[PDB]
């Protein structure tokens, strides 16, 4: 192998400007990093700058440097959708024609009618909501009537809440499985069906740890599958395991925050493995992008950038670091959905003694997967062109 370990970091939703097909998505003018840099009156990301972020594109506070630490370019998304699952599946070598759907006005009557017909239960709610808000609103009705609370978030999910002492847990899971089958349909395709059992009483409802997720498997065998099948290590940190429904994963490290994600990254750098360490930093998307909060987004980016010198100090000569994103989620944009954007790509190894250069623009995210596959000598994915030899 040219690299013994590859550390792949997805900064979730950290887009670097509207993509060529942005218009098809109503995403003209979108620019995640750029609008944040403007809001902040200049972003302080000196370590990303040293890697060459500003060389990809200059933005307020983010300037190009003469001798970037690593190689740099941006990546264009080829798949139809702009959701997390699509982006990640493409990164690991897939092409996804069918987008996952979001439901800002709740779910179509047709879907809910079929779920009712298959379960024998009424459905109440049917709107985007936090799990807390929705429980206070409808928790008591749910208890009294044996109804299912069905709701969504700004993401592609269908959540089903039910009191544990009214609807038995195993029945809630059965219902979620029925919903999971019904939602395998392009009309209403959800990335994730989530059981949200709760207990307590009106004015004091708490969601229990008996939560279960029903994700779809990637539409194809990924580069992670191939690494795993060739006895390499595939360490998933954060949401990565869930995003791929565990496919190709040899070890999974739960995280509770961006800083916690960086701690786990540091843990893997202390590990003697051969293969891929794969981190998703999710706060950018879940806490700031969807909530349209450029101030908190900007602070999160600075907090993350400050963690980077430790990562640099720990990389070995045969380690490669890859930093990218999976779409945009511009916090100064209409609505609550993702934005169709280019994503940055930074590729750094301490063995690059002369620094890096610009790479040709990556025409699919799958170039990352192809690079990983070629490095480890596993079967090349169907999509993607490796840039391994450019490094």
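Residue numbers count along the first chain shown, from 1.
Looking at the deposited entry, does 154 to 162 or 138 to 146 carry the larger mean Cα B-factor?
-> Higher of the two, by average CA B-factor, is 138 to 146.
Residue range whose averaged C-alpha B-factor is higher in the record, 173 to 181 or 255 to 263 = Here the higher of the two C-alpha B-factor means belongs to 173 to 181.
Specify which of 84, 73, 204, 250 carries the largest Cα B factor in the deposited PDB entry.
-> The listed residue with the largest C-alpha B-factor is 204.
Among 307, 239, 121, 88, which carries the highest Cα B-factor?
-> In this record, 121 carries the highest C-alpha B-factor of the candidates.
Check where residue 4 lands among this chain's C-alpha B-factors and tell me if it's the lowest, middle or highest third.
-> Middle third by C-alpha B-factor.
Just say lowest, middle or highest third for the CA B-factor of residue 197 relative to the other modelled residues in its chain.
-> As the PDB entry reports it, the C-alpha B-factor of residue 197 lands in the middle third of its chain.
Within this chain's modelled residues, let me know which third the CA B factor of residue 67 belongs to: lowest, middle or highest.
-> Ranked within chain, residue 67 CA B lands in the highest tercile.
By its CA B factor, does residue 109 count among the lowest, middle or highest third of the modelled residues in the chain?
-> Its C-alpha B-factor, which the entry lists for residue 109, ranks in the highest third among residues of this chain.
Within-chain third of residue 284 by Cα B-factor, per the entry | Answer is lowest: the recorded C-alpha B-factor places it there.
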